[PDB]
Amino acid sequence: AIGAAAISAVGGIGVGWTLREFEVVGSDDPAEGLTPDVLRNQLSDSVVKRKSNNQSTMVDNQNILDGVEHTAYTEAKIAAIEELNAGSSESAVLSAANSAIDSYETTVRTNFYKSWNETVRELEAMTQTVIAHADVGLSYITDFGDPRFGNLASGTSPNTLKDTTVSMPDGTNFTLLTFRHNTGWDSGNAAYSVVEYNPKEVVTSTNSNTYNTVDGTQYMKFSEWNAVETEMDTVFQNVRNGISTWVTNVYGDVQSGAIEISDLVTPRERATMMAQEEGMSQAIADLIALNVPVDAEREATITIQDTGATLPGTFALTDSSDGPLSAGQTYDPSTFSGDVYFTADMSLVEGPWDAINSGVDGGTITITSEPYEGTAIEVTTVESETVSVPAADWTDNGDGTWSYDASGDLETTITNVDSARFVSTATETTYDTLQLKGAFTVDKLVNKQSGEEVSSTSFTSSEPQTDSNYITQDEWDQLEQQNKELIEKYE
Ligand SMILES: [Br-]
Ligand SMILES: [Br-]
Ligand SMILES: [Br-]
Ligand SMILES: [Br-]
Ligand SMILES: [Br-]
Ligand SMILES: [Br-]
Ligand SMILES: [Br-]
Ligand SMILES: [Br-]
Ligand SMILES: [Br-]
Ligand SMILES: [Br-]
Ligand SMILES: [Br-]
Ligand SMILES: [Br-]
Ligand SMILES: [Br-]
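1. A word on the nonpolar core
Working step 1: By size, the foremost hydrophobic cluster in this structure holds 85 residues, and its most contacted members are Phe179 and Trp476.
Working step 2: Once you skip the residues sitting within four places of it in the chain, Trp476 turns out to touch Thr74, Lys77, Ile78, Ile81, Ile259, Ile261, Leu264, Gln465 and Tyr470.
Working step 3: Counting residues in each nonpolar core, the second largest holds 41 residues, with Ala9, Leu311, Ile377 and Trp394 among its members.

2. Digging into helix 5 (residues 222–250)
An α-helix turns once per 3.6 residues; consequently, residues spaced three or four apart project the same way.
Working step 1: Relative to the 42 Å expected for 29 residues at 1.5 Å per residue, helix 5 spans 41 Å between its end C-alpha atoms, a close match to the ideal helical length.
Working step 2: Phi turns positive one or two residues past the end of helix 5, at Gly252, with a value near 95°.

3. A look at the packing of aromatic side chains
Two measures describe an aromatic ring pair: the distance that separates the ring centres and the angle between the ring planes.
Working step 1: Inspection of every chain in the model, using the stated rule, returns 19 aromatic pairs.
Working step 2: Relative to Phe222, the ring of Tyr197 has its centre 6.4 Å away and its plane inclined at 90°; by these criteria the two rings are edge-to-face. Placement of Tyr197 in strand 3 (residues 194–197) and of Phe222 in helix 5 is noted, with a sequence separation of 25 residues between them. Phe222 carries the same exposure label as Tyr197, and that label is buried.
Working step 3: Members of the aromatic cluster, each reached through a chain of ring pairs, are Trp17, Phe112, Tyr113, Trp116, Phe144, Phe174, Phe179, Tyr197, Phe222 and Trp225.

4. Regarding the side chain of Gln435
Working step 1: Along the chain, the position of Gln435 falls in strand 19 (residues 431–436).
Working step 2: Judged by relative accessible area, which is 1%, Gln435 ranks as buried.
Working step 3: The contacts of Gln435, once residues within four sequence positions are left out, are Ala9, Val10, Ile13, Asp60, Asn61, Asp339, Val340 and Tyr341.

5. Quick word on the side chain of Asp322
Working step 1: Residue position: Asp322 is located in the loop between strand 8 (310–317) and strand 9 (330–331).
Working step 2: A distance of 2.8 Å separates a polar side-chain atom of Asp322 from the backbone nitrogen of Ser337.
Working step 3: From its side chain, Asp322 meets the backbone nitrogen of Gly338 in a polar contact 3.0 Å long.
Working step 4: Apart from the residues within four sequence positions on either side, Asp322 is in contact with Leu317, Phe336, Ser337 and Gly338.

6. Quick word on the pattern of salt bridges
Working step 1: Taken as a whole and assessed by the stated rule, the structure comprises 20 salt bridges.
Working step 2: Of the charged contacts, one joins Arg109 and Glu229 as a salt bridge, the two residues approaching to 3.5 Å between their closest N and O atoms. Taken as a pair, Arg109 in helix 3 (residues 90–133) and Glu229 in helix 5 lie far apart in primary sequence, 120 residues in all. Summarising the burial analysis for this pair, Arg109 and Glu229 share the class buried.
Working step 3: Measuring nitrogen to oxygen at the nearest pair gives 2.8 Å for the salt bridge that ties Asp295 to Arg298.
Working step 4: Accessibility expressed as a relative area gives 14% for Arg298, which makes it buried.
Working step 5: Salt bridges sharing common partners tie together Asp102, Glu105, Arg109, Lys200, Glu229, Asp233 and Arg240.

Reading the values: the criteria
- Residues numbered from 1 in each chain as written, not as in the entry; some residues may be left out.
- Chains lettered and ligands numbered in written order.
- Heavy atoms only, no water.
- Core = buried A, V, L, I, M, F, W, Y, C linked by side-chain atoms within 4.5 Å.
- Buried < 20%, exposed > 50% of the residue type's maximum accessible area, 1.4 Å probe, protein only.
- Contact = heavy atoms within 4.5 Å.
- Helix = DSSP H or I, 4+ residues; strand = E, 2+ residues; numbered from the N terminus.
- Expected span 1.5 Å × (residues − 1).
- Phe/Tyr/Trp six-rings, centres within 6.5 Å; stacked < 30°, edge-to-face > 60°.
- Polar contact = N/O pair within 3.5 Å; in protein donor to acceptor, adjacent residues only side chain to side chain.
- Salt bridge = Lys/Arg side-chain N within 4 Å of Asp/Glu carboxyl O.

Structure (structure tokens):
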């Protein structure tokens with residue numbers, strides 16, 4: 001429930017890992033000649049960045065996993081129909097369908113385990129850095145509850161990355177890294193602390209916490225990683241059992257040639273082609289491909305209660321039963337059954353900055369709250385002069401106040417702040433998909449072309465795939481038609 005400083009919403013959501021081979025985000029290596037304070041800040045920043053990345057892609061996209069089931073059913077049914085039309089044996093029909101599931105599951109699982117492996121490899125690289133600098137304690141980077149490294153040998157890591165073989169459905173083996181951590185004491189000591197886990201299971205936990213705590217940030221949470229793992233197992237079990245029930249009831253009665261899907265462009269295929277040539281943001285194209293109810297016809301101007309930030313953009317609900325999002329109404333996403341996704345241009349982000357001191361003493365402007373990353377505070381003085389200050393230029397006083405010296409920017413250095421507002425630092429139109437976590441109010445709902453002001457929202461999605469549906473050509477024709485006109489609406 002933590003994202004862009006300006007919006008409680010989890011930002012930079014990447015759902016592409018459920019539809020394509022996803023490349024992991026690499027580790028940042030700090031310099032040799034560094035100060036303990038600088039190393040601690042750089043390590044804390046890397047942990048925050050890694051957790052934020054993992055939240056947006058794997059960890060916080062739980063309610064879109066029913067879409068993975070939909071994608072897996074589409075792909076397997078097409079493979080099965082081709083075999084049924086060829087007058088093949090029931091085993092050959094199921095073989096083609098399950099080979100499609102095997103390749104799809106391998107991709108989804110490999111992407112998921114690859115991101116865990118990178119998180120765990122990064123921690124080791126960060127641990128090795130702390131060991132080498134010798135000005136920072138291991139208790140800073142590896143804290144599992146009892147970070148007492150008094151009996152651990154010099155130049156030795158308390159971590160061990162164990163190779164664990166995962167049997168991928170396509171017959172191949174994948175090396176999943178099992179994270180083991182031992183503080184160094186003997187079994188018998190009261191201080192003895194050991195943890196060993198991965199997204200699949202907790203091997204051993206002694207005087208330990210699965211998750212790591214670095215500068216107050218809890219990450220590598222087994223409960224978070226295992227939640228996605230157990231849901232992934234559920235989804236692919238349901239597809240395989242469902243396709244078995246489907247073929248058993250469809251074999252013989254559905255005539256060979258009744259359904260012709262050989263040239264069909266699947267919602268998954270449609271979204272992957274968007275990557276080659278992008279006419280819209282990838283995440284909304286992916287959410288459409290996963291059959292998540294979206295509102296393409298309207299444009300909502302939202303305002304965040306706590307922040308004051310206003311944004312125009314398009315909505316997406318994982319559960320359409322979360323009711324219509326009416327204009328003039330205030331909504332708290334913590335109460336909702338599903339997850340709210342908002343796709344909007346970050347450059348347009350704007351809101352009032354009331355947390356500012358009146359006095360401009362010797363050109364110095366002081367603010368009473370942390371400036372938001374990727375935004376600039378536009379300070380207007382009583383002499384009708386304005387100065388744009390990006391967050392990175394605000395110096396922390398450690399008093400809960402931040403200051404900037406505008407002696408080179410203002411004509412009158414000694415003055416009073418008239419008003420202040422925060423605006424985005426983005427040079428161009430930059431689209432982003434956020435998962436709204438904090439309370440928001442829907443200001444206005446603008447129709448897509450005409451510009452009319454509507455009261456409520458209307459979400460649309462194609463027929464969800466079951467173990468007994470997509471028997472008629474009409475069901476399949478509607479799938480391609482409904483999807484291609486949704487993509488057109490965002491272009
Ligand atoms: Br330094
Ligand atoms: Br597909
Ligand atoms: Br066919
Ligand atoms: Br890997
Ligand atoms: Br330390
Ligand atoms: Br120690
Ligand atoms: Br050990
Ligand atoms: Br000991
Ligand atoms: Br994480
Ligand atoms: Br946990
Ligand atoms: Br048949
Ligand atoms: Br819907
Ligand atoms: Br669905």
